């Protein structure tokens, strides 16, 4: 049987991995529009910030290694169209320009996304960058050592915009983060966490310009000024980290798209077309916190979906278990993680929640290594079942969030987490740990 896999990023790659496990006898074709197989964009900041020196080491598979395993790898080859009834696709070698058609029995696509760009005047000036993949990683890195970047404005205050801000701020530059949102990281954290992160960012000389609409880019030849509705900001570099467009317009009319380009798929990753499967940033995923489907553009998601697309190749047997949308990141000295519903996700779903925050030393009083840790536990007002949590400390407590991910999944309640057995040892935590204490507080709040 022959199986074509589009994309060598997370969903693409994991579909050929599981093809090699469940279907090791199938003719597999792995296509990649670009020159490099499997770059880890999620490694960009360690490279940018200097901890990883070789940008080609920031990857997790090579074409060659897959070819060692029987996989037909065509990089620099772009699938230009899918003909689903005809069971064929059209590909175009981008280095020679040759067009060709390939037949498939099953096709699995993970075309992913592309940075959203602001269609504002000046949008064509030099030095207005994006942050995704290897060429942007290299170009961005050279700017961190350029003697002429003095001020850089990153537009967008989410995971990526803050990673960029931190990288160029540590690089020695003057960074300003501009965004219409009024809190940095609001998609990930609630106000009681992002105020601490705004002060930590500001101490590292970043200006957080929230509540501002970027109007226009000004400059002569190369960008010189980013001007917003309430201010004009100097800029020798702009990094645009505002959103991701689905890379699906080429599928308009071939497969069924959601009003925002996202490919419609079911629990077994099937598209509206027979024998075409779609996975990764360009799809929705089962969000178990509120029993719904939501787009959560994360590595972890595309990888589990890439594997499930393969499991359901012949027949719909393993429905996707769903995810909670867990994330973790360190912003200068603070390491935070969160999973499930927070203020913004609850607003976006129109889901009413109740919650508590406990900010205290996560180690007992007598232990000299004690530090504040912040934990917020969000639950359902009627069932008190766990809907999400956020934690943050200069001590890395991030692994605690995986527990919360499984409690939400398992529909546990604040009473369950209140007396859940979590180990205590005084060099490691307090007798009722971080999770038990917030839940004990929620219980008390619901007495």
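Numbering follows the first chain given and starts at 1.
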| query | finding |
| --- | --- |
| Mean C-alpha B-factor comparison - 171 to 179 and 203 to 211, higher one | 203 to 211 |
| 253 to 261 or 318 to 326, whichever carries the higher mean Cα B-factor | 253 to 261 |
| Of the residues 77, 357, 135, 353, the one carrying the largest Cα B-factor as recorded | 77 |
| Member of 112, 306, 274, 340 with the greatest C-alpha B factor (per the PDB record) | 274 |
| Residue 440 CA temperature factor, ranked by third within the chain | lowest |
| Where the record places residue 362 (Cα B-factor, split into thirds across the chain) | middle |
| Residue 21 - which third its CA temperature factor falls in, relative to the rest of the chain | highest |
| Chain-relative CA temperature factor third for residue 223 | highest |
| For residue 105, the third of its chain into which the C-alpha B factor falls | highest |
